[PDB]
Every structure is written in structure tokens, then in C-alpha cells.
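What follows is a short report on a single structure.
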Amino acid sequence: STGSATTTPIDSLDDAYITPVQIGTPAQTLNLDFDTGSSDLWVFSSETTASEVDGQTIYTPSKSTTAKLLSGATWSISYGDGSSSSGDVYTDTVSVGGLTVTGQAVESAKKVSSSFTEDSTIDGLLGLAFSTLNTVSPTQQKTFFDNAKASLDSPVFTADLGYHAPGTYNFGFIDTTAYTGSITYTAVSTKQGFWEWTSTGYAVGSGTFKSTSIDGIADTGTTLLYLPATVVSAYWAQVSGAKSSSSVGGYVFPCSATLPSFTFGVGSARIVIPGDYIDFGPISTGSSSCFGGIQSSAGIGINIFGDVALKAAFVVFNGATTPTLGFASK
């Protein structure tokens with residue numbers, strides 16, 4: 001089997017991407033944030049504290065003939081941006097782009113933090129990191145990908161995120177029309193539960209490539225590119241007037257700037273992030289200070305190849321017995 005679903009930016013900045021997902025019988029379609037940095041499939045629901053729902057579409061298990069309470073199971077998750085959610089668990093039929101999993105754990109939110117409430121466009125998350133990170137207790141649950149894997153034509157999914165445009169998540173096949181040149185594969189460590197890999201270096205604009213190992217995660221659920229302070233300083237030093245602002249919470253730059261590109265290494269291959277991808281616009285409405293899309297990972301404890309990086313590539317998440325990551329230009 002295979003699946004193919006379009007993913008769409010939630011706003012004009014590509015802050016996140018939503019993908020329609022069918023849950024239950026008859027289908028209830030919710031727009032979920034596919035997150036390769038976490039491993040819970042959770043949804044706004046008929047159980048979510050009413051004051052914490054503001055425009056989201058909810059899953060109502062009582063209206064699904066295939067829903068079953070997973071008795072005694074609870075979940076609770078905290079994300080890198082400090083947001084969180086928690087609740088109980090149903091199993092139900094879940095389909096993505098024509099690919100169906102029966103018995104998928106669907107984590108129903110009883111509580112969500114303010115950032116989730118405030119984002120009316122995101123009805124929940126669909127985790128695509130390794131199932132060892134799943135938070136369901138006392139019986140840990142598998143991700144949608146883990147459950148689908150045996151049925152897939154090939155044990156893979158691909159992320160093809162757009163810049164200010166829709167893109168695609170595919171399951172079970174590699175669309176050879178969706179990228180240019182060849183795919184370069186690189187080793188993954190699953191020790192922390194992430195799609196963790198080592199970039200071979202970077203360049204700023206038309207500058208020379210610096211060969212240096214940068215361990216980080218491929219995380220579709222993080223907006224920006226978070227890299228070591230040395231790398232990030234070297235980038236912003238090439239933008240007149242750019243500075244790190246503690247009051248704003250990172251590097252800012254004059255909105256009048258033309259940003260240089262940023263290149264990262266994948267083995268001997270190179271992925272180029274155009275300068276425009278690094279512009280996250282005014283820090284507040286009407287400001288002439290703009291927020292940068294490359295930020296320091298110092299004090300996160302991990303480097304994160306978030307959407308800024310990933311949307312510059314066609315990315316293969318290879319879930320074979322020895323997992324690997326593939327990157328191609330597009």
C-alpha cells in the first residue's frame with residue numbers, strides 16, 4: 001500500500017504545515033501537524049476543556065462506530081517550545097492520503113496549552129519520530145508510520161514541504177518526479193528517539209564550505225533552523241545590522257536586508273536554503289525589525305533541522321531495519 005497527502009502552510013510565514021487526516025467511521029477529517037520530532041497522534045476532541053477550544057475541528061469518538069476506549073491509558077506531552085497537552089486514549093481507524101491503519105492509538109486531549117488553543121488551524125499532531133518517544137502510559141503506543149510500515153510497498157515516508165506553498169507527505173514510495181539529481185542518504189541514530197543525523201558542514205552565501213560535523217534532528221514540527229552559536233554568528237555577521245536580541249528572543253535583522261543563502265552538507269552533497277526562506281518577517285506588526293529563520297540551539301541541547309532547512313529539500317525518512325535519512329535538491 002501507499003498514501004499521498006498534501007500539506008499546506010497554516011499562515012503566510014510557513015509557521016507550520018497541516019495535512020488532512022481521516023479518523024473514525026464515518027470519517028471525521030481533522031487537519032494535523034505532522035511532526036517528525038515527536039511520536040504521539042493527539043487531537044482536539046469532544047473531551048477537550050471547552051475554554052481551551054477556539055475554532056479547531058474536534059474528534060468525537062462517540063460518533064465513530066470503530067472507536068474504542070483504550071481503558072486506563074493516559075498521555076501527557078511537553079514540547080520544545082514549552083507547549084503541552086494531555087488526555088486519554090481511543091483506538092480507531094486512521095487514514096492519511098488513502099493509506100489506512102486500523103487500531104491506531106488516537107490520543108484525545110482533555111487539556112491543551114495556550115499556544116494550541118490560539119492556533120485555530122491545527123486540530124492536533126501526528127507524530128512521526130520513533131515510537132520509543134510515545135508518551136502513552138502504562139502501555140506505550142506505536143506511531144501511524146510504525147503501524148503502517150509492514151503494509152507499505154517500501155518502509156519509508158517522504159516530506160516535500162513548500163516555501164509559501166503546499167507540498168506533500170508520501171508513505172510507502174519515493175516519487176522520483178518530485179526531486180532533481182540524486183538522493184544522498186546518511187546514517188541515523190535512534191538513541192534519543194529522533195531522526196538524528198550528522199551534517200558534514202555549512203556555507204554562508206557564496207562563501208567557502210566549512211567542513212564540520214553537526215549532529216541534529218530532522219524535525220518537521222519545528223519552524224526554524226537551530227544550529228550551534230558559532231555557525232549562527234557566522235551567518236548573521238553577513239547581514240548588515242543583524243544582532244541577537246534577548247528582548248525579542250533571538251537574531252533579528254533589518255527588514256530592508258537581502259539575506260544570504262545558507263548551505264548545509266549531507267555527506268558530499270549540499271542543500272542550499274535560499275535567503276528568502278530565512279525571513280520570518282516583522283517581529284511585531286509594522287516593525288522594521290525582522291525575525292531570523294536561523295537561530296542558536298545553545299540551551300536547547302540539540303541542533304534542529306526544522307522546516308526552514310527541510311523545505312529546501314526532498315527528504316526521505318527511511319524506516320528500514322537500519323533507518324537512514326535521504327536528502328535531494330528539488
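Every chain in the C-alpha cells takes a letter, A first, then B, and so on in the order presented; its residues are numbered from 1, and the ligands are numbered from 1 following the presented order.
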
Sorted by chain and rising residue number, which residues of range 175-241 of chain A lie within 9 Å of range 253-262 of chain A, and what are their closest atom pairs and distances in Å to one decimal, counting only C-alpha atoms, as CSV?
```
residue,atom,partner,partner_atom,distance
A:202,CA,A:262,CA,7.2
A:203,CA,A:262,CA,5.9
A:204,CA,A:262,CA,4.9
A:205,CA,A:261,CA,4.6
A:206,CA,A:261,CA,7.8
A:235,CA,A:262,CA,7.7
A:236,CA,A:253,CA,8.3
A:238,CA,A:260,CA,7.5
A:239,CA,A:259,CA,6.7
A:240,CA,A:257,CA,7.4
A:241,CA,A:253,CA,6.0
```

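Residues with any atom within 12 Å of residue 149 in chain A, counting only C-alpha atoms and excluding same-chain neighbours fewer than 5 positions away, are residues 1, 2, 3, 99, 100, 101, 128, 142, 143, 144, 154, 155, 156, 157, 171, 172, 173, 317, 318, 319, 320 and 321 of chain A.
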
Check the DSSP output for the backbone and give back, as number ranges by chain, the residues of range 87-302 of chain A in strand (DSSP E or B). A: 87-96, 99-112, 124-127, 137, 156-160, 167-171, 184-187, 189, 196-204, 210-218, 225-227, 243-245, 250-254, 262-266, 269-273, 279-282, 289-292, 294-296

Could you give me the residues within range 198-239 of chain A that DSSP places in helix (DSSP H, G or I), as a PDB file with N, CA, C and O atoms, in the first residue's frame?
```
ATOM      1  N   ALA A 229      25.971  28.091  18.128  1.00  0.00           N
ATOM      2  CA  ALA A 229      26.128  29.535  18.170  1.00  0.00           C
ATOM      3  C   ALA A 229      27.224  30.034  17.237  1.00  0.00           C
ATOM      4  O   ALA A 229      27.095  31.117  16.678  1.00  0.00           O
ATOM      5  N   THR A 230      28.296  29.261  17.081  1.00  0.00           N
ATOM      6  CA  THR A 230      29.376  29.628  16.175  1.00  0.00           C
ATOM      7  C   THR A 230      28.869  29.762  14.731  1.00  0.00           C
ATOM      8  O   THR A 230      29.169  30.732  14.038  1.00  0.00           O
ATOM      9  N   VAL A 231      28.098  28.772  14.289  1.00  0.00           N
ATOM     10  CA  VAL A 231      27.564  28.734  12.933  1.00  0.00           C
ATOM     11  C   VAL A 231      26.593  29.894  12.711  1.00  0.00           C
ATOM     12  O   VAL A 231      26.629  30.588  11.680  1.00  0.00           O
ATOM     13  N   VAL A 232      25.701  30.100  13.673  1.00  0.00           N
ATOM     14  CA  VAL A 232      24.677  31.116  13.556  1.00  0.00           C
ATOM     15  C   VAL A 232      25.297  32.525  13.554  1.00  0.00           C
ATOM     16  O   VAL A 232      24.871  33.402  12.795  1.00  0.00           O
ATOM     17  N   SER A 233      26.313  32.739  14.383  1.00  0.00           N
ATOM     18  CA  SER A 233      27.015  34.011  14.391  1.00  0.00           C
ATOM     19  C   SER A 233      27.677  34.270  13.030  1.00  0.00           C
ATOM     20  O   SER A 233      27.644  35.394  12.518  1.00  0.00           O
ATOM     21  N   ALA A 234      28.293  33.240  12.451  1.00  0.00           N
ATOM     22  CA  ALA A 234      28.940  33.391  11.153  1.00  0.00           C
ATOM     23  C   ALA A 234      27.922  33.786  10.077  1.00  0.00           C
ATOM     24  O   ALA A 234      28.245  34.552   9.167  1.00  0.00           O
ATOM     25  N   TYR A 235      26.712  33.229  10.151  1.00  0.00           N
ATOM     26  CA  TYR A 235      25.661  33.584   9.203  1.00  0.00           C
ATOM     27  C   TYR A 235      25.250  35.055   9.372  1.00  0.00           C
ATOM     28  O   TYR A 235      25.275  35.834   8.415  1.00  0.00           O
ATOM     29  N   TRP A 236      24.844  35.440  10.580  1.00  0.00           N
ATOM     30  CA  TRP A 236      24.270  36.767  10.766  1.00  0.00           C
ATOM     31  C   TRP A 236      25.304  37.879  10.646  1.00  0.00           C
ATOM     32  O   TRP A 236      24.949  39.017  10.366  1.00  0.00           O
TER      33      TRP A 236
END
```

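Shortest atom-to-atom contact with residue 175 in chain A among A:314, A:291, A:197, A:75: A:314, counting only C-alpha atoms.
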
Residue 83 in chain A proximity check over A:116, A:145, A:17, A:59, using only C-alpha atoms: winner is A:116

For residue 215 in chain A, list every protein, DNA or RNA residue within 9 Å, evaluated using only C-alpha atoms, and leave out those in the same chain fewer than 6 positions away; present the list as a ChimeraX atom specification. /A:196-200,302-304
